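[1] quick one, what's the 3D model for this:
(7 chains, ligands or ions: 25)
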Amino acid sequence: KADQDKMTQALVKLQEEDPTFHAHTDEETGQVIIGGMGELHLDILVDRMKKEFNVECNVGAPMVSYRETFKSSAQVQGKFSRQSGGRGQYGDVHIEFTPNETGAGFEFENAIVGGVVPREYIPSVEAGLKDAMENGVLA
Amino acid sequence: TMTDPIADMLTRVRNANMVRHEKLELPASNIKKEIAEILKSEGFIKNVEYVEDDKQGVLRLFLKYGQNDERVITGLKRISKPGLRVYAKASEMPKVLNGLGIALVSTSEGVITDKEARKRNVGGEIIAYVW
Amino acid sequence: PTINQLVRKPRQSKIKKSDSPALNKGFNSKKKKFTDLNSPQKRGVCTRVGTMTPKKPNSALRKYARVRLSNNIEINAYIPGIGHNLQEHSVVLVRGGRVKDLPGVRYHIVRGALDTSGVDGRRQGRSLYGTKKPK
RNA sequence: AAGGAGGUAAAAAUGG
RNA sequence: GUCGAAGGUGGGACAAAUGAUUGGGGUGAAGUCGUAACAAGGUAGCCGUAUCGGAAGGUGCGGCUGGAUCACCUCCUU
RNA sequence: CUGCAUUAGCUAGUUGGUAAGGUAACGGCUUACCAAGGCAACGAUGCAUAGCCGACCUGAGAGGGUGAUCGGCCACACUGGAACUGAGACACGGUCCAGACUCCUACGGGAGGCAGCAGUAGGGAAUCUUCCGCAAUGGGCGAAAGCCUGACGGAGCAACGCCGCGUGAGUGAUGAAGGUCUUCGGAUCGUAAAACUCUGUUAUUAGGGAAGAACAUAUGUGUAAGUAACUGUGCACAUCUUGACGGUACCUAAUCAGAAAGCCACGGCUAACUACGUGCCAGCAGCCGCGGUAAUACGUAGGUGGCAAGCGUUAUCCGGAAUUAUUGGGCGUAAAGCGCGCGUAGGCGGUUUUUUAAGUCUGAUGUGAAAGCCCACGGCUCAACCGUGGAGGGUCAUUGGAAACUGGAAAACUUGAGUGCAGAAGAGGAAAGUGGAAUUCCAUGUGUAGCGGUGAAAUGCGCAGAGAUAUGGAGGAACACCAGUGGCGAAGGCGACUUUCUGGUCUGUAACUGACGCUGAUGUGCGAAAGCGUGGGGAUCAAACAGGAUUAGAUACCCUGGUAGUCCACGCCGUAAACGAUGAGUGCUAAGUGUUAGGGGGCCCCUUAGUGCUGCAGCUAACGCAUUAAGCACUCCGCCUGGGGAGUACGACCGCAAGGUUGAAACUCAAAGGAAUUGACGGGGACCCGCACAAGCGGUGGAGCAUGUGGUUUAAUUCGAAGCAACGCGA
RNA sequence: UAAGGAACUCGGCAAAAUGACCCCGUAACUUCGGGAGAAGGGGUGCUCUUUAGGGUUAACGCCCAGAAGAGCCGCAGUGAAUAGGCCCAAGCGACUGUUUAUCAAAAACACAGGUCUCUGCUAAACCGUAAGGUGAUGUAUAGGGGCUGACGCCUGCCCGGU
Ligand SMILES: [Mg+2]
Ligand SMILES: [Mg+2]
Ligand SMILES: [Mg+2]
Ligand SMILES: [Mg+2]
Ligand SMILES: [Mg+2]
Ligand SMILES: [Mg+2]
Ligand SMILES: [Mg+2]
Ligand SMILES: [Mg+2]
Ligand SMILES: [Mg+2]
Ligand SMILES: [Mg+2]
Ligand SMILES: [Mg+2]
Ligand SMILES: [Mg+2]
Ligand SMILES: [Mg+2]
Ligand SMILES: [Mg+2]
Ligand SMILES: [Mg+2]
Ligand SMILES: [Mg+2]
Ligand SMILES: [Mg+2]
Ligand SMILES: [Mg+2]
Ligand SMILES: [Mg+2]
Ligand SMILES: [Mg+2]
Ligand SMILES: [Mg+2]
Ligand SMILES: [Mg+2]
Ligand SMILES: [Mg+2]
Ligand SMILES: [Mg+2]
Ligand SMILES: [Mg+2]
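    Residues are numbered from 1 along each chain as shown, chains lettered A, B, ... in the order given. Ligands and ions are numbered 1, 2, ... in the order given. Pasting the structure now:
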């Protein structure tokens, strides 16, 4: 890892030398990927980085960013109470989770009647759902 | 113990002037007597008397107050001190209060005022400022 | 103090510290050492890019980058303006000037220098954000 | 008559 | 042959980097436990020292007033 | 001419002498001998950093910062050593050796040193052309023409800086269109624009076109030294020729307002305000801060402000900062007086006389290069710039003068400081001895069921006879009244009495010494309590500890016990709010009134030294201090420089240990603090009042019933009211 | 005993190596004694010249004993023999000592030091039926027994059971 700066500089010089060789960072995986015209191309470029630029590097198959989803629908409830100590905090929600049509994305609907949930906290509920779904629930 | 008789004399004069005393008795010395004579000549004090007694004698100053009881002496400041002595050239002689005051000096030609030092083109140890 | 005391131990002035220490140091690779040199900016590589929460009473998601400088010192630099195109391994120019809200952020990333792009849609004070004249 | 200094008792539930 | 750079061997000195692990320190958002201090802060507080206790802290010994206070005598000032 | 003591010892050819060798030269420069010298708290040695200066930036100055360009001096030339040649080198583009590194090779062997000028790679935020010419100045060689000269003279690139000029000027209300705001009238961009007229700095085109150039050499004469006389040589006057820049600067003629304005800011500091979007988000920010629906602080638009071929940001230095204070600050409570003595070096020092001239003052001479800064003048059209004079700049050196002060020498004085003589008080210290009260324990007689304790309790002690009471004994510790803003001591501290040894202080006298003094780094001692070691002692009290109680809990406060310790001897530790939070010495500056120990003059007056209170002038942010200053002055010492981090870490020294002394930084905040003011509050106080107590009459609480309320139940038992100030209340 | 040099082996077992005298020099740590012969290095024969000395003697003489220089020889001079290998760490026991005669020498025992406990003297404890003895011709700073085991810093809670 002490040679990552040398690796970046070598990649820059090599991209200026060869138009067909590309290097980019993937945000999701936080990995740097090198694209070439073939196995021979990438092998020669790896060896040239190792020797000419004195940056020994290892290469592998790029990691694939997976996603999760719900296959079954269900009504569910969550209730958090923290009144035992000091300040007391109460929250309670009842949400139906449904498998959305593939590719439609997350969809939040607010079927609140009677103001049981103050309208002030509904955006907070949506933000909590978004954070929690950003964090995986299975893997 | 005592370390600056000139300082002490000036401080006696200052304290008496503050309290608006009329006379002032201090132990005498040649330098104190010359300073007192310079003050009398310049007009800051009324009179000077010397008592030639034993134990070095005494100097009896009589202070001068103007009309409305105003004080003729605004302030006296010791310049050269035992801890750090100050000397000046003829061309570097200081003017007290833009000339409205005197700087008492000690010179090869006797202790005189800064005006006389500048006139005779001499320097020396700046004993005190008075204004 | 007495004059004699000053003469024995002279007066000593308070020493002044730099607000941007990371810019005052260069690095010699051959001798593998640091060297004292005052610089107005330094190149660096963004080790991390992200957001930080300011201290009270302010509230926000302030954009910043953890940068390794050319002298091997790792610092937090604020990213000014609306929107930025920085990620890890981006090469950025860093100048002095801390962000009062952010505790450990003592430098700024220059906009419109090296990889960093100018602020898109900026029309007043454009030089401060590296935006060309639209015309 | 009103203020400054020293000694010296007797009393006491708990939470705001 | 003398002197003699570099080199070799040896035990020490000094400086810097780095090190499993470890120590307290600072900062931080509505965190948890109690409530030490500020009123006599509900056991006056603080200083030095010792020991004890989750924690603030408690307790003992000496010291300070930078301590409030009802009744008493003892003087001193106008 | 530099930082560190968290570097105190260094030095053995080292210091000196003798002899010799060696060198341009003196010399431990080197060697032989003899000696033990030399340096150092006036900072040696060690470590770190650094070329020095003229100067440059800043500042009113004093100062602070810096050491690019240009000039001087030094040092170095891949690293180290060496010598050769030479007048000169221990030699950048020389030699030899060694080392590291690199290159060529036919593998036998060879070669190299850009910190010369360009340029390449690398590092970096960042710094240029592998340019033209020796025409000018200078240098080397040559008799000279001349050759060489990446010195130098030029050109190229870079807004990098400074200076200069542009991007147009006059008229122009008819306030044109259009943007923005609007109170829907209008305001503003705005004489701005349009249009008419004018100029060409600039720009384009075409012509003319410098100076810098002196020369040298060569050719003619004239003159001067020498010659027997020429050629030659010196000098003088003439003539041909010599330009990289460059057909550049500059000048002339014609054409066109036509090609030539951007940056930041507009909440306060700080010149400049409005509308929209956003809505503690996005964002801004040097500080204070701004942003959650009315944002002059975020983004855009109009307008405005400051600058302008520049404008902003970052970095660094000085300033503002008197925020290290010599100029020019402080230490009672804001940071700061060592806990206190004794005392070394150093700093400072009473009065008079004579003398010296180190400091001090004054005149002359030399020098402080040039360039620079400042003043003046001159030349580029101006300016920057260039040139020329002046002035300035030393803590400089030599020399001649003055003697008041500081310094040196000599001689006197008694006022300060000590001593003698006559007196005074004292819980000053050390060691032995004696004594009364009280507590605890032990033994015994009488005696019964409690004692003790607290807010209330319980633990505990007691039916074995407790507690109480009486007598006797054992032992330890402290000394009731006197006792007092009283006394003594440097401080800590010292309180029964007696004896022995011993310290200090105060009063009067004026013989006696004659300045012998003050302060005091480093050092050396004492130093409350706790604590430690050894050996004793052990009543009381009492950390730890056990039990009881209180409490939501109670590792406490309270209660019952209880060990170390509290006491003694000898050692150790060396710290306290060790405080007057106030260093020591000295003198001066209104007063009133106590008290302690004296003295003098008539209950009174005066006076010395303490100890208190009140209070002028003066001081202070205020509180307050105020002859026992925190006033006015002088000397010396110690200490401070925002709050945390931290009295911490590291190093050092001390300690048995506990720890003590010395003592940072990174990082973090914009505060932390003092005195005083107004409120509010207090499990602070004083006083005053009220059917608040008290005096008294009658009630409620007890019974039945009416009604309201809580609870429960129900389909609902509608909702509201909850201490006083909800409950025959909204009703 | 070539080259190698722990690759051997459970293990460097054995062997090898060091070894004398003089000189230089010598660390952490420490209870300040030490560690230490630390470590790590240099010298060592013979001849001659010059020369400071000490003991014994009138002296000569005899004996002891250095210093400097110049030479000579060998592969090699404490020329043979005899004469420490050293260092860095960890566990255990403080240390010198003692022990299974004849398979165990150690970390076991002992130890100086600590503490508990008994014992007022015809002591307690021990031997013996007793007499008589040890203890001790001692007397609580003494004597017996238990446990611990230099030194340094310490040694907490429980008395329900025995
Ligand atoms: Mg409390
Ligand atoms: Mg309290
Ligand atoms: Mg306790
Ligand atoms: Mg250097
Ligand atoms: Mg200033
Ligand atoms: Mg050369
Ligand atoms: Mg070269
Ligand atoms: Mg070059
Ligand atoms: Mg680069
Ligand atoms: Mg200043
Ligand atoms: Mg303070
Ligand atoms: Mg004091
Ligand atoms: Mg202290
Ligand atoms: Mg000059
Ligand atoms: Mg004690
Ligand atoms: Mg108790
Ligand atoms: Mg103090
Ligand atoms: Mg008095
Ligand atoms: Mg072999
Ligand atoms: Mg093996
Ligand atoms: Mg063996
Ligand atoms: Mg053993
Ligand atoms: Mg055996
Ligand atoms: Mg055996
Ligand atoms: Mg044992």
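
[2] secondary structure element for the residue of chain A found nearest RNA strand F?
    The minimum distance from chain A to RNA strand F, using C-beta to the nearest atom of the strand, falls at residue A:9 (7.0 Å). Where C-beta positions appear, they are placed from N, C-alpha and C, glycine not excepted. Here residue A:9, judged by DSSP states H and E, is contained in helix A:4-17.

[3] list the buried residues in that helix.
    A:4-5, A:7-8, A:10-11, A:14 (16 or more other C-beta atoms under 10 Å in any protein chain shown).

[4] dump those residues to JSON lines, plus distance to residue C:40.
    As requested, the buried residues of helix A:4-17 are exported to JSON lines (distance: C-beta to C-beta, whole Å):
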{"residue": "A:4", "distance to residue C:40": "27"}
{"residue": "A:5", "distance to residue C:40": "22"}
{"residue": "A:7", "distance to residue C:40": "28"}
{"residue": "A:8", "distance to residue C:40": "24"}
{"residue": "A:10", "distance to residue C:40": "28"}
{"residue": "A:11", "distance to residue C:40": "28"}
{"residue": "A:14", "distance to residue C:40": "31"}
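
[5] quick check: residue A:26 vs residue A:87, distance?
    43 Å (C-beta to C-beta, to the nearest Å).

[6] so between the two, which is more surrounded?
    Set side by side, residue A:26 and residue A:87 show more neighbours around residue A:26, with 13 against 6, by other C-beta atoms under 10 Å in any protein chain shown.

[7] show me what the more buried one is bridged to.
    residue A:31 (DSSP bridges).

[8] so what's it up against?
    A:32-33, A:62, A:65 (C-beta atoms under 8 Å, 6 or more residues apart in numbering or on different chains).

[9] top of the residues you listed by number of neighbours, please.
    Busiest of the contacts of residue A:26 [other C-beta under 10 Å] is residue A:32, holding 17 neighbours.

[10] which residue, other than its chain neighbours, is closest to that residue?
    Sequence neighbours aside, residue A:25 is the residue nearest to residue A:32 in space, at 5.2 Å (criterion: C-beta to C-beta, 6 or more residues apart in numbering or on different chains).

[11] swap in residue B:17?
    residue B:73 is the one closest to residue B:17 (C-beta to C-beta, 6+ apart), at 5.1 Å.

[12] again, but for residue B:36
    Per C-beta to C-beta, 6+ apart, closest to residue B:36 is residue B:48, 4.4 Å.

[13] can you spell out the domain ranges of chain B, please?
    B:1-73, B:74-131 (CATH domains of a matching chain).

[14] want to throw those into JSON lines with mean neighbour count and distance to residue C:7?
    Converted to JSON lines, those look like this (neighbours: other C-beta atoms under 10 Å in any protein chain shown; distance: least, C-beta to C-beta, whole Å):
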{"stretch": "domain B:1-73", "mean neighbour count": "15", "distance to residue C:7": "18"}
{"stretch": "domain B:74-131", "mean neighbour count": "16", "distance to residue C:7": "9"}
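
[15] to residue C:127, which of those lies closest?
    Judged by C-beta to C-beta, the one of these that comes nearest to residue C:127 is domain B:74-131, at 54.2 Å.

[16] how about residue B:35, phi and psi?
    The phi and psi values for residue B:35, taken as degrees, to the nearest 10, are phi -60, psi -50.

[17] now do the buried residues in the host helix or strand of residue A:76.
    Element membership of residue A:76 [criterion: DSSP H and E] is strand A:74-82. Buried residues in strand A:74-82, defined by neighbour count with 16+ other C-beta under 10 Å: none.
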